[PDB]
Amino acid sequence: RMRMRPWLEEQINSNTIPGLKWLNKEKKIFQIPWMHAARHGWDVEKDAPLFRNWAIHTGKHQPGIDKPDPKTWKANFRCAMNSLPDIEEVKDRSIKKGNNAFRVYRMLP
């Protein structure tokens, strides 16, 4: 029932997602790990936990019952992020290419 933004803040603040941290907590600028699933070094446990968590949280994935679908978890998460009116991407800082790729977002006050 918890909407994406407050849920996301809780995810960042919990430090339980590798790579998910605030770049500037004050201005609410944070970064999300965004490594390509085709790139060597990618691992479901290291790179998709945040996407999986959103899927579990929204009933789209039931651990043990549903077959892991990282591609959909990521696409669903991105689309949901795109639709949020209070969170926008800071593209000049994002680097969604190469190893340890990531995206930077700022939560609108």
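Quick note: we count residues from 1 along the sequence shown, nothing fancier.
Engineer: Which is higher on mean Cα B factor in this entry, 82 to 90 or 9 to 17?
Structural biologist: Averaging CA B-factors over each stretch, the winner is 82 to 90.
Engineer: Out of 57 to 65 and 44 to 52, which stretch has the higher average CA B-factor listed in the record?
Structural biologist: The stretch with the larger average C-alpha B-factor is 57 to 65.
Engineer: Compare the C-alpha B factor of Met4 with those of the other modelled residues in its chain, then answer lowest, middle or highest third.
Structural biologist: According to the entry, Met4 has a C-alpha B-factor in the chain's lowest third.
Engineer: Which third, lowest, middle or highest, does the C-alpha temperature factor of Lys27 belong to within its own chain?
Structural biologist: As the PDB entry reports it, the C-alpha B-factor of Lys27 lands in the highest third of its chain.
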